[PDB]
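See structure below.
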Ligand SMILES: NS(=O)(=O)c1ccc(SCCO)cc1
Ligand SMILES: [Zn+2]
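Numbering (the working numbering), first residue to last: 5 to 260.
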C-alpha cells in the first residue's frame, strides 16, 4: 500500500475491506451538524521530554517515536475515563499548499495535519494489544494552516537531514510534543479509525478547533523527504493524506 494511483486510498479496500467500514477516518466535520456535549471534560496532556526516542523515515511519511513502557507521557480528560500513553507523532501533507490535511472543516482543506497518537494503558499492556481494540487508541489531530513559519517545528525539521531516505532512523530525544499543540485545546471528537492500513476502527479522535501555522518553505521540507532507499533515484514524498470518509451516521461532538 501507498498513496500513488495504483496502491493508494481508492484501492485500499481490495486488501483491507475495513476501508469501507462504518467508522473510517478522516472525515469532514460539518459544524452545523455537531452536537455540543457538556459531559466532555477538557483535554489534559502531560508529556515528559525524556520519553522522546527516535525519528524514522517510513517511506510514505516519517514518525517520531516515544518510549512507552510507563505513564510518564499521557493524555487524559475529554471523552475518556482511561489514561492514554503517548507513542508517536507525525504529519500528513499534500503536493501543494491547497490541500494536505486529512480532516476538513466545512469542506475547507488545510495544508497539513499533525497527529499525536496514544494507546489505552488502563485496559491494555502494549500498543500491539491496544491497536485493534475499539477503545484502544486516542489521536489528537491539529490542522496546519499555511502562513508564518512555525518555530516550534524546528527540532523536527532540523532532524530530517539525517533520515532522508526510506528506513533511515536516528535518535530524537528530549522533546515534548505538547509544544506543537495550539494554545486552546477546544476540540471535536468522534469514533473513527487509523487513516492508513490496516485502517483499524480503534481510534477516538480529538480534533483541535484552532489551527497552528506552518510556512510554504516548512511544507517544502516535508515534501523533500524521499520515499526510495539510499542509492536509488529520488522519489520525493509529495503527499500522504487520505480523502475524507462518510460519517455513516456517526455524531461529531464539540467540546465548545
Ligand atoms: N494517521 S493515524 O490514523 O493517526 C495512524 C497512527 C498510528 C498508526 S501505526 C498502527 C499500526 O498498527 C497508523 C496511523
Ligand atoms: Zn496520521
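In this text, a Cβ means the ideal position worked out from N, Cα and C, and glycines have one as well.
Exercise for the section: State the DSSP-derived secondary structure class of residue 159, mapped to helix, strand or coil. Expected result: helix
Problem - Own chain residues within Cβ distance below 8 Å of residue 128, not counting five before or after - result: 134, 137 and 140
Practice task
With DSSP as the reference, please indicate the residues paired to residue 208 in a beta bridge.
Solution key: 142 and 195
Problem - Cβ neighbour criterion (16 or more within 10 Å) applied to residue 146 - result: buried
Problem - Option nearest residue 92 by Cα separation, candidates 85, 144, 81 and 82 - result: 144
Problem - Min CB distance residue 22 to chain D below 9 Å - result: In summary, chain D is missing from the structure at hand, where a single protein chain is found.
Exercise for the section: Below 6 Å CB to CB, which residues in the same chain sit around residue 57 once its five sequence neighbours on both sides are set aside? Expected result: 69, 70 and 71
Handout entry: Beta-carbon proximity of residue 63 to residue 171, cut-off 9 Å
Key = yes
Exercise for the section: Note down the Cα distance separating residue 22 from residue 28, rounded to an integer number of angstroms. Expected result: 8 Å
Practice task
With a floor of 3 residues, list each beta strand (DSSP E) that falls wholly inside the stretch 58–115, ordered by position along the chain.
Solution key: 66–70, 78–81 and 88–97
Problem - residue 107 CB to nearest heavy atom of ligand 1 below 8 Å - result: no
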